[PDB]
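Have a look at query-v4.cif; it's mmCIF, N, CA and C atoms:
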```cif
data_query
#
loop_
_atom_site.label_atom_id
_atom_site.label_comp_id
_atom_site.auth_asym_id
_atom_site.auth_seq_id
_atom_site.Cartn_x
_atom_site.Cartn_y
_atom_site.Cartn_z
N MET A 1 0.84 -1.22 0.00
CA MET A 1 0.00 0.00 0.00
C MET A 1 0.86 1.25 0.00
N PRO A 2 0.86 1.99 -1.12
CA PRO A 2 1.55 3.26 -1.22
C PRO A 2 0.62 4.42 -0.87
N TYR A 3 0.95 5.14 0.20
CA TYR A 3 0.12 6.25 0.63
C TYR A 3 0.22 7.40 -0.37
N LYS A 4 -0.81 7.52 -1.18
CA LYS A 4 -0.80 8.41 -2.32
C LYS A 4 -1.44 9.75 -1.96
N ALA A 5 -0.65 10.81 -2.07
CA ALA A 5 -1.08 12.13 -1.63
C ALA A 5 -1.95 12.83 -2.67
N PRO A 6 -2.97 13.57 -2.20
CA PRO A 6 -3.84 14.35 -3.08
C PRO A 6 -3.19 15.66 -3.50
N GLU A 7 -2.87 15.77 -4.78
CA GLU A 7 -2.18 16.94 -5.30
C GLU A 7 -3.09 18.16 -5.32
N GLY A 8 -4.24 18.05 -5.98
CA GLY A 8 -5.17 19.16 -6.03
C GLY A 8 -6.60 18.72 -6.29
N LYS A 9 -6.97 17.57 -5.74
CA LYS A 9 -8.30 17.02 -5.95
C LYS A 9 -9.01 16.78 -4.62
N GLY A 10 -10.33 16.91 -4.62
CA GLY A 10 -11.09 16.68 -3.41
C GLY A 10 -11.85 15.36 -3.44
N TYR A 11 -13.06 15.39 -2.91
CA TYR A 11 -13.86 14.18 -2.70
C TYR A 11 -14.55 13.71 -3.98
N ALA A 12 -14.16 14.29 -5.10
CA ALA A 12 -14.71 13.90 -6.39
C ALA A 12 -13.93 12.71 -6.92
N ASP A 13 -12.63 12.73 -6.71
CA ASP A 13 -11.75 11.67 -7.19
C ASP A 13 -11.99 10.40 -6.39
N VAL A 14 -12.27 10.55 -5.10
CA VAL A 14 -12.53 9.40 -4.27
C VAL A 14 -13.88 8.79 -4.61
N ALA A 15 -14.89 9.63 -4.81
CA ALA A 15 -16.20 9.17 -5.23
C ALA A 15 -16.09 8.42 -6.54
N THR A 16 -15.22 8.92 -7.41
CA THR A 16 -14.96 8.28 -8.69
C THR A 16 -14.27 6.94 -8.51
N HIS A 17 -13.24 6.88 -7.66
CA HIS A 17 -12.48 5.64 -7.52
C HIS A 17 -13.22 4.63 -6.65
N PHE A 18 -14.14 5.10 -5.82
CA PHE A 18 -14.91 4.21 -4.97
C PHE A 18 -15.87 3.37 -5.80
N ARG A 19 -16.30 3.92 -6.93
CA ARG A 19 -17.15 3.19 -7.86
C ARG A 19 -16.41 1.97 -8.40
N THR A 20 -15.09 2.02 -8.35
CA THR A 20 -14.26 0.91 -8.79
C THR A 20 -14.18 -0.16 -7.71
N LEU A 21 -13.98 0.27 -6.46
CA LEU A 21 -13.91 -0.63 -5.31
C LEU A 21 -15.14 -1.53 -5.24
N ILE A 22 -16.29 -0.93 -5.53
CA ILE A 22 -17.57 -1.62 -5.43
C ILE A 22 -17.75 -2.63 -6.56
N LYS A 23 -16.91 -2.52 -7.59
CA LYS A 23 -16.97 -3.45 -8.68
C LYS A 23 -16.36 -4.78 -8.27
N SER A 24 -15.04 -4.85 -8.21
CA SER A 24 -14.41 -6.09 -7.78
C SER A 24 -13.58 -5.87 -6.51
N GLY A 25 -13.02 -4.64 -6.42
CA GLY A 25 -12.29 -4.02 -5.30
C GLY A 25 -11.86 -4.87 -4.13
N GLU A 26 -12.77 -5.74 -3.73
CA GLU A 26 -12.80 -6.45 -2.43
C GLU A 26 -14.00 -5.93 -1.65
N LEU A 27 -14.53 -4.80 -2.10
CA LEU A 27 -15.65 -4.16 -1.45
C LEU A 27 -16.87 -4.23 -2.36
N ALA A 28 -17.25 -5.45 -2.70
CA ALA A 28 -18.45 -5.68 -3.49
C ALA A 28 -19.68 -5.26 -2.69
N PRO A 29 -20.86 -5.13 -3.33
CA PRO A 29 -22.05 -4.71 -2.62
C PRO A 29 -22.58 -5.84 -1.76
N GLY A 30 -22.66 -5.58 -0.47
CA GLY A 30 -22.96 -6.61 0.49
C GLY A 30 -21.84 -6.78 1.50
N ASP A 31 -20.73 -6.08 1.28
CA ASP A 31 -19.60 -6.13 2.20
C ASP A 31 -19.50 -4.82 2.96
N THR A 32 -18.84 -4.84 4.11
CA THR A 32 -18.82 -3.68 4.99
C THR A 32 -17.59 -2.81 4.74
N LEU A 33 -17.75 -1.50 4.95
CA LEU A 33 -16.70 -0.52 4.69
C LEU A 33 -15.40 -0.84 5.41
N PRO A 34 -14.28 -0.71 4.69
CA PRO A 34 -12.94 -0.82 5.26
C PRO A 34 -12.52 0.45 6.00
N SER A 35 -11.40 0.38 6.70
CA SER A 35 -10.88 1.54 7.40
C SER A 35 -10.31 2.54 6.40
N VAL A 36 -10.23 3.81 6.81
CA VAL A 36 -9.76 4.89 5.93
C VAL A 36 -8.38 4.60 5.34
N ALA A 37 -7.63 3.72 5.99
CA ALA A 37 -6.30 3.34 5.54
C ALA A 37 -6.33 2.67 4.17
N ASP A 38 -7.31 1.79 3.95
CA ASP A 38 -7.43 1.09 2.67
C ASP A 38 -7.69 2.08 1.56
N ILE A 39 -8.69 2.93 1.78
CA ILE A 39 -9.05 3.96 0.85
C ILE A 39 -7.83 4.85 0.60
N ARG A 40 -7.19 5.32 1.67
CA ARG A 40 -6.04 6.24 1.63
C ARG A 40 -4.98 5.89 0.58
N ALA A 41 -4.77 4.61 0.33
CA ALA A 41 -3.79 4.20 -0.66
C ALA A 41 -4.42 3.99 -2.03
N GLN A 42 -5.65 3.53 -2.04
CA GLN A 42 -6.36 3.28 -3.28
C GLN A 42 -6.80 4.60 -3.87
N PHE A 43 -7.33 5.44 -3.02
CA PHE A 43 -7.64 6.77 -3.40
C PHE A 43 -6.39 7.59 -3.11
N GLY A 44 -5.86 8.18 -4.14
CA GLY A 44 -4.71 9.06 -3.97
C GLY A 44 -5.14 10.36 -3.34
N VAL A 45 -5.83 10.25 -2.21
CA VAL A 45 -6.63 11.33 -1.70
C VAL A 45 -6.39 11.46 -0.20
N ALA A 46 -6.90 12.52 0.41
CA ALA A 46 -6.59 12.79 1.81
C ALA A 46 -7.44 11.90 2.70
N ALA A 47 -6.96 11.57 3.89
CA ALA A 47 -7.59 10.53 4.69
C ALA A 47 -8.90 11.03 5.28
N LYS A 48 -9.18 12.30 5.08
CA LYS A 48 -10.47 12.87 5.43
C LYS A 48 -11.41 12.81 4.22
N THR A 49 -10.83 12.76 3.02
CA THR A 49 -11.61 12.88 1.80
C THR A 49 -12.49 11.65 1.57
N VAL A 50 -12.07 10.50 2.07
CA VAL A 50 -12.88 9.30 1.98
C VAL A 50 -14.19 9.52 2.72
N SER A 51 -14.07 10.02 3.94
CA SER A 51 -15.23 10.34 4.77
C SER A 51 -16.08 11.45 4.14
N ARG A 52 -15.52 12.13 3.15
CA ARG A 52 -16.26 13.17 2.44
C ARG A 52 -17.16 12.55 1.38
N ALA A 53 -16.56 11.80 0.45
CA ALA A 53 -17.32 11.14 -0.60
C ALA A 53 -18.29 10.10 -0.06
N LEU A 54 -17.99 9.56 1.12
CA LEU A 54 -18.88 8.59 1.77
C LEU A 54 -20.34 9.07 1.82
N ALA A 55 -20.53 10.36 2.07
CA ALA A 55 -21.88 10.94 2.13
C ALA A 55 -22.53 10.94 0.75
N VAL A 56 -21.71 10.83 -0.28
CA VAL A 56 -22.20 10.70 -1.64
C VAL A 56 -22.38 9.23 -1.99
N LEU A 57 -21.56 8.38 -1.35
CA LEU A 57 -21.51 6.96 -1.67
C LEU A 57 -22.74 6.24 -1.17
N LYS A 58 -23.62 6.97 -0.53
CA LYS A 58 -24.90 6.41 -0.15
C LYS A 58 -25.72 6.11 -1.41
N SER A 59 -25.70 7.04 -2.36
CA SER A 59 -26.37 6.84 -3.65
C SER A 59 -25.36 6.30 -4.66
N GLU A 60 -24.15 6.79 -4.52
CA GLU A 60 -23.08 6.59 -5.48
C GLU A 60 -22.36 5.26 -5.27
N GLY A 61 -21.67 5.16 -4.14
CA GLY A 61 -20.86 3.98 -3.86
C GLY A 61 -21.68 2.85 -3.27
N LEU A 62 -22.98 3.08 -3.14
CA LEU A 62 -23.94 2.05 -2.74
C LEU A 62 -23.84 1.68 -1.25
N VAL A 63 -23.58 2.64 -0.37
CA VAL A 63 -23.35 2.34 1.05
C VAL A 63 -24.47 2.89 1.92
N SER A 64 -24.73 2.22 3.03
CA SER A 64 -25.74 2.65 3.97
C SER A 64 -25.35 2.26 5.39
N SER A 65 -25.70 3.10 6.35
CA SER A 65 -25.49 2.80 7.75
C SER A 65 -26.40 1.65 8.16
N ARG A 66 -25.80 0.48 8.35
CA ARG A 66 -26.56 -0.72 8.68
C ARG A 66 -26.21 -1.18 10.08
N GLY A 67 -27.03 -0.81 11.05
CA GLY A 67 -26.73 -1.09 12.44
C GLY A 67 -26.93 -2.54 12.82
N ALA A 68 -26.35 -3.43 12.04
CA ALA A 68 -26.38 -4.85 12.31
C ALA A 68 -25.04 -5.46 11.94
N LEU A 69 -24.72 -5.40 10.65
CA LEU A 69 -23.44 -5.87 10.16
C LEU A 69 -22.42 -4.74 10.15
N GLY A 70 -22.90 -3.51 10.29
CA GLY A 70 -22.04 -2.34 10.27
C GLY A 70 -22.29 -1.46 9.07
N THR A 71 -21.35 -0.60 8.73
CA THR A 71 -21.53 0.25 7.57
C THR A 71 -21.26 -0.54 6.29
N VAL A 72 -22.27 -1.27 5.88
CA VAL A 72 -22.16 -2.24 4.80
C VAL A 72 -22.54 -1.58 3.49
N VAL A 73 -21.84 -1.91 2.43
CA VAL A 73 -22.12 -1.29 1.17
C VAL A 73 -23.19 -2.08 0.43
N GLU A 74 -24.43 -1.93 0.87
CA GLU A 74 -25.59 -2.21 0.04
C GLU A 74 -26.72 -1.25 0.40
N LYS A 75 -26.69 -0.03 -0.11
CA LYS A 75 -27.81 0.86 0.08
C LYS A 75 -28.72 0.89 -1.13
N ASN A 76 -28.33 1.75 -2.05
CA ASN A 76 -29.19 2.16 -3.13
C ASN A 76 -28.46 2.03 -4.44
N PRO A 77 -28.63 0.91 -5.15
CA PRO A 77 -28.04 0.73 -6.47
C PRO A 77 -28.24 1.96 -7.33
N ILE A 78 -27.12 2.52 -7.80
CA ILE A 78 -27.15 3.74 -8.55
C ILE A 78 -28.06 3.56 -9.74
N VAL A 79 -28.88 4.56 -9.98
CA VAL A 79 -29.81 4.55 -11.10
C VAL A 79 -29.09 4.31 -12.43
N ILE A 80 -28.78 3.05 -12.69
CA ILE A 80 -28.18 2.63 -13.94
C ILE A 80 -29.16 1.74 -14.70
N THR A 81 -29.73 2.29 -15.76
CA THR A 81 -30.60 1.52 -16.63
C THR A 81 -30.02 1.52 -18.04
N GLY A 82 -28.89 2.22 -18.18
CA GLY A 82 -28.20 2.31 -19.45
C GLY A 82 -26.76 2.72 -19.25
N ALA A 83 -25.97 2.66 -20.32
CA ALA A 83 -24.56 2.99 -20.24
C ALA A 83 -24.34 4.50 -20.27
N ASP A 84 -25.43 5.24 -20.35
CA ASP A 84 -25.37 6.70 -20.45
C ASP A 84 -25.08 7.31 -19.09
N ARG A 85 -25.61 6.69 -18.05
CA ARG A 85 -25.51 7.23 -16.70
C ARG A 85 -24.10 7.06 -16.15
N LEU A 86 -23.44 5.99 -16.55
CA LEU A 86 -22.14 5.64 -16.00
C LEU A 86 -20.99 6.06 -16.92
N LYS A 87 -21.16 5.85 -18.22
CA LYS A 87 -20.08 6.11 -19.16
C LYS A 87 -20.17 7.52 -19.74
N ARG A 88 -21.40 8.02 -19.85
CA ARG A 88 -21.68 9.34 -20.43
C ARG A 88 -21.34 9.36 -21.92
N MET A 89 -22.37 9.46 -22.75
CA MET A 89 -22.21 9.39 -24.20
C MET A 89 -21.55 10.65 -24.79
N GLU A 90 -21.25 11.61 -23.94
CA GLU A 90 -20.55 12.82 -24.37
C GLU A 90 -19.08 12.53 -24.60
N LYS A 91 -18.52 11.72 -23.72
CA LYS A 91 -17.10 11.49 -23.70
C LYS A 91 -16.75 10.17 -24.37
N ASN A 92 -15.47 10.01 -24.63
CA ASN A 92 -14.97 8.80 -25.27
C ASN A 92 -15.10 7.60 -24.34
N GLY A 93 -15.52 6.48 -24.90
CA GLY A 93 -15.66 5.27 -24.12
C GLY A 93 -14.39 4.45 -24.10
N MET A 94 -13.36 4.97 -23.45
CA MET A 94 -12.09 4.27 -23.34
C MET A 94 -12.12 3.33 -22.14
N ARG A 95 -11.09 2.49 -22.03
CA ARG A 95 -11.02 1.49 -20.97
C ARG A 95 -11.06 2.11 -19.58
N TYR A 96 -11.94 1.57 -18.75
CA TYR A 96 -11.94 1.89 -17.34
C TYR A 96 -11.56 0.62 -16.59
N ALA A 97 -11.23 0.74 -15.30
CA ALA A 97 -10.84 -0.41 -14.50
C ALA A 97 -11.99 -1.41 -14.40
N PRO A 98 -11.89 -2.55 -15.11
CA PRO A 98 -12.98 -3.51 -15.22
C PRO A 98 -12.92 -4.60 -14.15
N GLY A 99 -11.87 -4.57 -13.34
CA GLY A 99 -11.71 -5.57 -12.31
C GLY A 99 -10.80 -5.09 -11.20
N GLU A 100 -10.98 -3.84 -10.78
CA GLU A 100 -10.20 -3.28 -9.70
C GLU A 100 -11.15 -2.94 -8.55
#
```

Here is a file; write its structure as structure tokens.
Amino acid sequence: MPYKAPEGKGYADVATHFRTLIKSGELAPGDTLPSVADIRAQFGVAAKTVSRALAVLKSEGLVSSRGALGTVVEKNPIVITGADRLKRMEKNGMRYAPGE
């Protein structure tokens, strides 16, 4: 784990990279949130910034406060009914992390 420092980005980059964690990451939907340390290296972001995007990850990263198993990532599947919402047909459809 390389502690990757945030050069000039906020909780947008983490929200973006968290969408990857939820894919294969180890943090699939149905698993509970890791400590900020895991994010801190995966997200080249500040160790407070994870806790920032987390409030977005309720809709975005699919997480919800679950007072049983803990802060488990299965809240609200992002409104994806097409590739437009996730890939955006405005921009080029180049390779994204398909198994990270």

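Closest approach to residue 74 in chain A among A:10, A:44, A:61, A:2 is made by A:61 (distances from only C-alpha atoms).
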
Checklist line | residue 70 in chain A surroundings by all atoms listed in the file, 6 Å radius, close-in-sequence under 4 positions cut, as a list in words | finding: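 Residues near the query, excluding close chain neighbours: residues 32, 65 and 66 of chain A.
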
Note to self: Between atom N of residue 28 in chain A and atom C of residue 6 in chain A, what distance in Å does the model show, to one decimal?
What the structure shows: 25.4 Å

Note to self: List the spatial neighbours of residue 57 in chain A as a ChimeraX atom specification - criterion: any atom at most 8 Å away, only C-alpha atoms, same-chain residues fewer than 4 positions off excluded.
What the structure shows: /A:15,18,53,61-63

Apply the PyMOL selection byres (((chain A and resi 4 and name CA) around 8) and name CA) to the displayed file and report the matching residues as a PDB file with N, CA and C atoms, in the frame of the given file.
```pdb
ATOM      1  N   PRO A   2       0.860   1.990  -1.120  1.00  0.00           N
ATOM      2  CA  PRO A   2       1.550   3.260  -1.220  1.00  0.00           C
ATOM      3  C   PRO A   2       0.620   4.420  -0.870  1.00  0.00           C
ATOM      4  N   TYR A   3       0.950   5.140   0.200  1.00  0.00           N
ATOM      5  CA  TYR A   3       0.120   6.250   0.630  1.00  0.00           C
ATOM      6  C   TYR A   3       0.220   7.400  -0.370  1.00  0.00           C
ATOM      7  N   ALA A   5      -0.650  10.810  -2.070  1.00  0.00           N
ATOM      8  CA  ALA A   5      -1.080  12.130  -1.630  1.00  0.00           C
ATOM      9  C   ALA A   5      -1.950  12.830  -2.670  1.00  0.00           C
ATOM     10  N   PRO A   6      -2.970  13.570  -2.200  1.00  0.00           N
ATOM     11  CA  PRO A   6      -3.840  14.350  -3.080  1.00  0.00           C
ATOM     12  C   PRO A   6      -3.190  15.660  -3.500  1.00  0.00           C
ATOM     13  N   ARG A  40      -7.190   5.320   1.670  1.00  0.00           N
ATOM     14  CA  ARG A  40      -6.040   6.240   1.630  1.00  0.00           C
ATOM     15  C   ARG A  40      -4.980   5.890   0.580  1.00  0.00           C
ATOM     16  N   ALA A  41      -4.770   4.610   0.330  1.00  0.00           N
ATOM     17  CA  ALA A  41      -3.790   4.200  -0.660  1.00  0.00           C
ATOM     18  C   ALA A  41      -4.420   3.990  -2.030  1.00  0.00           C
ATOM     19  N   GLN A  42      -5.650   3.530  -2.040  1.00  0.00           N
ATOM     20  CA  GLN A  42      -6.360   3.280  -3.280  1.00  0.00           C
ATOM     21  C   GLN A  42      -6.800   4.600  -3.870  1.00  0.00           C
ATOM     22  N   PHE A  43      -7.330   5.440  -3.020  1.00  0.00           N
ATOM     23  CA  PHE A  43      -7.640   6.770  -3.400  1.00  0.00           C
ATOM     24  C   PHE A  43      -6.390   7.590  -3.110  1.00  0.00           C
ATOM     25  N   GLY A  44      -5.860   8.180  -4.140  1.00  0.00           N
ATOM     26  CA  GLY A  44      -4.710   9.060  -3.970  1.00  0.00           C
ATOM     27  C   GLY A  44      -5.140  10.360  -3.340  1.00  0.00           C
ATOM     28  N   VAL A  45      -5.830  10.250  -2.210  1.00  0.00           N
ATOM     29  CA  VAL A  45      -6.630  11.330  -1.700  1.00  0.00           C
ATOM     30  C   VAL A  45      -6.390  11.460  -0.200  1.00  0.00           C
TER      31      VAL A  45
END
```
